[PDB]
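Below is one structure, written out as structure tokens; comments come after it.
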Amino acid sequence: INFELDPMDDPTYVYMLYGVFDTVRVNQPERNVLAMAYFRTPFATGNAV
Amino acid sequence: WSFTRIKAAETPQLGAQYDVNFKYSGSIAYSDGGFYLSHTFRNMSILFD
Amino acid sequence: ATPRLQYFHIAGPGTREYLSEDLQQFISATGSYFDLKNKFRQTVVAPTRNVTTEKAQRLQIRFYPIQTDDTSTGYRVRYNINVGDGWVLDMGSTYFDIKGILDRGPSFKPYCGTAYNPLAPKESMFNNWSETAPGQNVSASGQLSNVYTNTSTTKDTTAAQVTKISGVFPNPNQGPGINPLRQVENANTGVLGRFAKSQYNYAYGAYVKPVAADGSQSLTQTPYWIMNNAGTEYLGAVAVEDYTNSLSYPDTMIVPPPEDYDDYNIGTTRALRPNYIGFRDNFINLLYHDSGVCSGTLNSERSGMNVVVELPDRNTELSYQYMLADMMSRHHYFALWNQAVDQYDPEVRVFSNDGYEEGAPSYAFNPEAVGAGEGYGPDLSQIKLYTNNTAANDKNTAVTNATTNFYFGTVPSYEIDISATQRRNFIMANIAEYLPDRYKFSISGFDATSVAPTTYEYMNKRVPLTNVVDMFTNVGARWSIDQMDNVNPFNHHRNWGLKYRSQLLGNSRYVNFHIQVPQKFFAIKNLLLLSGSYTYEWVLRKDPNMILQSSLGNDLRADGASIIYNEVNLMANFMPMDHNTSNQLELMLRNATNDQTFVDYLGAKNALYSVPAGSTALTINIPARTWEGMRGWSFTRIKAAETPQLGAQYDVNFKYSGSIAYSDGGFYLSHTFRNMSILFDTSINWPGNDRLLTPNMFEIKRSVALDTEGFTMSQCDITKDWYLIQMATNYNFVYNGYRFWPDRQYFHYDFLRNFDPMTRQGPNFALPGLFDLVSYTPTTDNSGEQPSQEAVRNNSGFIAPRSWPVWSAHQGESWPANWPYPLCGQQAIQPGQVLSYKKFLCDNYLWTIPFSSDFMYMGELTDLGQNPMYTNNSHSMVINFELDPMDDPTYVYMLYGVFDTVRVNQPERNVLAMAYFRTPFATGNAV
Numbered sequence: 889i890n891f892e893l894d895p896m897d898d899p900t901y902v903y904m905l906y907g908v909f910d911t912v913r914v915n916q917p918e919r920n921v922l923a924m925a926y927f928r929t930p931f932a933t934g935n936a937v
Numbered sequence: 643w644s645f646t647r648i649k650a651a652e653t654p655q656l657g658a659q660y661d662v663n664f665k666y667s668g669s670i671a672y673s674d675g676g677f678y679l680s681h682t683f684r685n686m687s688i689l690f691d
Numbered sequence: 011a012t013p014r015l016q017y018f019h020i021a022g023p024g025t026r027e028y029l030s031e032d033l034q035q036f037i038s039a040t041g042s043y044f045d046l047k048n049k050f051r052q053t054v055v056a057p058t059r060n061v062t063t064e065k066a067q068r069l070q071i072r073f074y075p076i077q078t079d080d081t082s083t084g085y086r087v088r089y090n091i092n093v094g095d096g097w098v099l100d101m102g103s104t105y106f107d108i109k110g111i112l113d114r115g116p117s118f119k120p121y122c123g124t125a126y127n128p129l130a131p132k133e134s135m136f137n138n139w140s141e142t143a144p145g146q147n148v149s150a151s152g153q154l155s156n157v158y159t160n161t162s163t164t165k166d167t168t169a170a171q172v173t174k175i176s177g178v179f180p181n182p183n184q185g186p187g188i189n190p191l192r193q194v195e196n197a198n199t200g201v202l203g204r205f206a207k208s209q210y211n212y213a214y215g216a217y218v219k220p221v222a223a224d225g226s227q228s229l230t231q232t233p234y235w236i237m238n239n240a241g242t243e244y245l246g247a248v249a250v251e252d253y254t255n256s257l258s259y260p261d262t263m264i265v266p267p268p269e270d271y272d273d274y275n276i277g278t279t280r281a282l283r284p285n286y287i288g289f290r291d292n293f294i295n296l297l298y299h300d301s302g303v304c305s306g307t308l309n310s311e312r313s314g315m316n317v318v319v320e321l322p323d324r325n326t327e328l329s330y331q332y333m334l335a336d337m338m339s340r341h342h343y344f345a346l347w348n349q350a351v352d353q354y355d356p357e358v359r360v361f362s363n364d365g366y367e368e369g370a371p372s373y374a375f376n377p378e379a380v381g382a383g384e385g386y387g388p389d390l391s392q393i394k395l396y397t398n399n400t401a402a403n404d405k406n407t408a409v410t411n412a413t414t415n416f417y418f419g420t421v422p423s424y425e426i427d428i429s430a431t432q433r434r435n436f437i438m439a440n441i442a443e444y445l446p447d448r449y450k451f452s453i454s455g456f457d458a459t460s461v462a463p464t465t466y467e468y469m470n471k472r473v474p475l476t477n478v479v480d481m482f483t484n485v486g487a488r489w490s491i492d493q494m495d496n497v498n499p500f501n502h503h504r505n506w507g508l509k510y511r512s513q514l515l516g517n518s519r520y521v522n523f524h525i526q527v528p529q530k531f532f533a534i535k536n537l538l539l540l541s542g543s544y545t546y547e548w549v550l551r552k553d554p555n556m557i558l559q560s561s562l563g564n565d566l567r568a569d570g571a572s573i574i575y576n577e578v579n580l581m582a583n584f585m586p587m588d589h590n591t592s593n594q595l596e597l598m599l600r601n602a603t604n605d606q607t608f609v610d611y612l613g614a615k616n617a618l619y620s621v622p623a624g625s626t627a628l629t630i631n632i633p634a635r636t637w638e639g640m641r642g643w644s645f646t647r648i649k650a651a652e653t654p655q656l657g658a659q660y661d662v663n664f665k666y667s668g669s670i671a672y673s674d675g676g677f678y679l680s681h682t683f684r685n686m687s688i689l690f691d692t693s694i695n696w697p698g699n700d701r702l703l704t705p706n707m708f709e710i711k712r713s714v715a716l717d718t719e720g721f722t723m724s725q726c727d728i729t730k731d732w733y734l735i736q737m738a739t740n741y742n743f744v745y746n747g748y749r750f751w752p753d754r755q756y757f758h759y760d761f762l763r764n765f766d767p768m769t770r771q772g773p774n775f776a777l778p779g780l781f782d783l784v785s786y787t788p789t790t791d792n793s794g795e796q797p798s799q800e801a802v803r804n805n806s807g808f809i810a811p812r813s814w815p816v817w818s819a820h821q822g823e824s825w826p827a828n829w830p831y832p833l834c835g836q837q838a839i840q841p842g843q844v845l846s847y848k849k850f851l852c853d854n855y856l857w858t859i860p861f862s863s864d865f866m867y868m869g870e871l872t873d874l875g876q877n878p879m880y881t882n883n884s885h886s887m888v889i890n891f892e893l894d895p896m897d898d899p900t901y902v903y904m905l906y907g908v909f910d911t912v913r914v915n916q917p918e919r920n921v922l923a924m925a926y927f928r929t930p931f932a933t934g935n936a937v
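Chains as they are written, first to last, in the authors' numbering: chain E, 889 to 937; chain C, 643 to 691; chain A, 11 to 937.
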């Protein structure tokens, strides 16, 4: 991505937002068993440890 | 990973036939183990994607 | 297992299974002289499966207290360690993250000497200015350094500098600024200076806090003119500042002369005794261990019974010290658990007086090479230089203007022998200053009974006697000063461990400490908790004497020391191992046939038997018992002043902050044991088979002067019997020959590394000569004068008077020394006029006697501990001691040999049950 901006007078960020499906489905099979699976379609965070 | 910071003046150009900017004759922390700037490291983040 | 990786043996099979079988035999056969094993690579492959969860799991969990309930004596914290299924927790990784505010009190000098004018002579003065009223009767003495090359006989050159006086311009740092002082003329130079109006004029340690950002110790500077006897001639100017109320002497004390010399003498100024108030080794005495009244509490939820029971007769802190020292050498400094062992200076304890490094005559010469210091010889200040006539061999031409300096003789110098000067400074500050109070005296301004003998300024304001130890004290003998053989050597500013432990907190007494304290109770020191919810509360000491260690042993409570705990959190590390295996691991650990078992490393019941000052004997009778697995005996004597009340919430009679030899391994009284006896029944001696050369007693030492039959080994007064006992116990080979055992030198608590025999000879007094001109008894009067010390006449004119405090200015005249009778040389005293003083010191040892039939280690459960004459049959032993009589109440720290074990059983989830068992002393009562 290449941006061209009007020069401002102080350091500014460029708040960039992609489009992601950061969805979670909650599995509760039995009593006091709570499990969540997080998945984000463009930008996932699975490190396979 | 393994990392420290070394001064530019105290390190020759890598794979250089003759480093002309090298005007230092002390302990080359890159060559021997004379590491002394393992501090001055505040934090670190690794992102495989 | 990529073939690319396998070809280079990165993920391949391995060396043993891919090399030709003949080659493996070859490289193994020729592996002692032609090694080829480094030329065929092999890589160890990680398990990469079923060993770690991909589940998002915290690697390191912080536990913060549910309940605190702070009180004035302790600081309780109650945690709640939730360990889910698939989580397995090791309490070896559990510790207390403690951060708070520490006040180490004014009795805390992190540095020897002072920080203010250290190079200044002790009896110097900072440009005196003493007046009754401004402009009235004034006395002033100081150096006038700055110059302004004034044209005199008028104010213009002087008043210009006087207008600058009101600022920082006098600038005491800058001097004349001329290197040849001979070139300056007396009438065209000008004089400037800066004098101070204050009480207690001492340059050494003088501190005046600044009031401006550019020096400027004062805001008002009244200028005074300097003129000769006539008021017409202008000579110089003076700046005067009022330091009467702005002056202070931190980290320094005034050492005044005796009362008869108080007037017309200001004495000297000495820096206060250095004191390090850091935490103790391994954070000893920071958790309420060994206390059954204020113990900790760890228990589960389903099993509400507490599984941490503490007895007042065990020793958690000392057990850790022995466990850690056996685990690793103690010279390693691990700042995390504050692992810095208490170590004195070996050159200070056993004072090897080797005289001094006598070198060539060394002098201090003038700043230039020209001068007439003590100007003997012709003046030559008015000479005239004439040219020579080589033909007439005489003067021919006078030099017109020969401005010549031309003094006589060699370079004017003052002689010093540094190797002897530093030697006496080493002796009289690292050794003399730590003498017992009975060898000290007040400083003519200090009075006893005004403050407790355990306060900082009591120790500072009591100068030791100067003849009890000095350069001539056993001048050729490696001999620990018998006047301090019973003085705690770890309470010394050379205690490098405490020196490091105090400097980890900072150079100030206002420390925002953040420390991590390990758990040390043996049942939970290495407990590997399985799944479940556990609550684990523990209470922390707030006693400054307990938690903090001084290098002087003064009462920290009386010295304003205090601590405040802000946050105390519990850190735990959890292995992210696969839940498919950690539940397996926790299930093979819930199985009762394989459950954790923990023993206290010390394995010794701890009994403290009081021994008063004058007493020399102690009887230890015990009720009838079975001794079913006893390991043996260990014993030293600990001063009662240095030992806290056992199992006490807060000891009020404990007013000592040095090294508690009970808690740590800082033993220093392993000597002063004449002998000991053991009788399991009323009359049945335990050795009782003529094992020893004295079969009815364990004669630890006997006097060599009274010796006739021998019974003294290792060139000291320790006995043949006792020496064999120690070597057999620690090293397991005495019947094959005595030898040194380097394999246990790291242990820091074994025999050979710290068994130090020494020998001196000494003149034989109570003879026609040999008058014993050294007095050891101070006059204990208010005046700082000790005339009984003035009989030695050694270093007569070059040191302060022996009656005076040592740190006063020198005075007197050169005079032949008379005290030290020459024990050697061709002018030595007669061979019948000398004696022998065979002696040994053995620090950090704690004499051990094994309950083994041959005194050699043959297993933890000893030879006779399973002998079914004691195990089956009750016995009531009596242990009889005779000791060298000290001058202060002491205990005798008797350690038995016990098997204190725990079988930690966790049959279900969060069902925690510990069973305690101690073999000889199962009841754990006061014995």
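All residues carry an ideal CB built from backbone N, CA and C; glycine is no exception.
Just confirm the distance between the C-beta atoms of A:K665 and A:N555, as a whole number of angstroms; I'd bet it's less than 8 angstroms.
-> 7 angstroms
Spatial neighbours of A:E367 in its chain, beta-carbon cut-off 6 angstroms, leaving aside the 5 residues before and after = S429
Would you kindly work out how many angstroms separate the C-alpha atoms of A:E823 and A:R812, rounded to a whole number?
-> 13 angstroms
Since A:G123 contacts A:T167 with CB under 8 angstroms, what's their CB separation in whole angstroms?
-> In fact, because the Cβ distance is near 43 angstroms, the residues do not count as touching under 8 angstroms.
Which value, in whole angstroms, describes the spacing of the CA atoms of A:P377 and A:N189?
-> 9 angstroms
List the endpoints of the continuous alpha helix (DSSP H) containing A:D731.
-> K730 to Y741
Is it right to say A:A374 is buried, meaning 16 or more other beta carbons lie within 10 angstroms of its own, or is it exposed?
-> exposed
Just checking, does the stretch 917 to 926 of chain A make contact with the stretch 315 to 330 of chain A on the three C-beta pairs under 8 angstroms criterion?
-> yes
Do we get a CB-CB distance below 9 angstroms when we pair A:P586 with the residues of chain E?
-> yes
Counting contacts by CB-CB distance shorter than 9 angstroms, is E:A932 in contact with chain A?
-> no
Below 9 angstroms between beta carbons: does that hold for C:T646 and C:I670?
-> no
Spell out whether any CB of chain A is found under 9 angstroms from the CB atom of E:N935.
-> yes
Between A:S687 and the rest of its own chain, which residues show a CB-CB distance below 6 angstroms, the 5 nearest in sequence each way excluded?
-> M707 and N890
Can you pull the DSSP bridge partners for A:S149?
-> A:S140
Would you kindly check if the distance between the Cβ of A:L537 and the Cβ of A:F608 is under 9 angstroms?
-> yes
Give the DSSP-derived three-state secondary structure of A:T25 in the structure shown.
-> helix
Do we get a CB-CB distance below 9 angstroms when we pair A:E311 with the residues of chain E?
-> no
Does the beta carbon of A:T63 sit closer than 9 angstroms to a beta carbon anywhere in chain E?
-> yes
Check whether the Cβ atoms of A:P266 and A:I453 sit closer than 9 angstroms, and answer yes or no.
-> yes
Is A:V549 near A:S798, with beta carbons less than 9 angstroms apart?
-> no
Terminal residues of the continuous alpha helix (DSSP H) containing A:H524?
-> No alpha helix (DSSP H) holds A:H524; the beta strand (DSSP E) holding it covers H524 to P528.
With A:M438 and A:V816 assumed to form a contact (beta carbons below 8 angstroms), what rounded beta-carbon distance in angstroms separates them?
-> 6 angstroms
Which ranges does the beta strand (DSSP E) cover as unbroken runs of at least 3 residues, wholly within the stretch 430 to 489 of chain A, from first to last along the chain?
-> 450 to 452 and 472 to 474
Take the Cβ of E:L905 as the centre, count every other Cβ of all protein chains shown within 10 Å, and call the residue buried at 16 or more, exposed below.
-> exposed
Taking one C-beta from the stretch 335 to 351 of chain A and one from the stretch 564 to 572 of chain A each time, how about it: are there three or more such pairs within less than 8 angstroms?
-> no
How far does the alpha helix (DSSP H) with E:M924 in it reach, from first residue to last?
-> Per DSSP, E:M924 belongs to no alpha helix (DSSP H); it is in the beta strand (DSSP E), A923 to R928.
Distance CB(A:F865)-CB(A:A776) smaller than 9 angstroms | no
Under a Cβ-count criterion, where at least 16 other Cβ atoms within 10 Å of its own Cβ denotes burial, should C:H681 be classed as buried or exposed?
-> exposed
Helix, strand or coil at A:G314 according to DSSP, with G and I counted as helix | coil
Provide the residue span of the beta strand (DSSP E) that contains A:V802, from first to last.
-> Where A:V802 is concerned, there is no enclosing beta strand (DSSP E), given that its DSSP letter is neither H nor E.
Answer with buried or exposed for A:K711, where buried requires no fewer than 16 other C-beta atoms within 10 angstroms of its C-beta.
-> buried
For A:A658, the three-state DSSP class (helix, strand or coil) | coil
Which of helix, strand or coil DSSP assigns to A:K535 = helix
Indicate the three-state DSSP secondary structure (helix, strand or coil) for A:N601 in the structure shown.
-> coil
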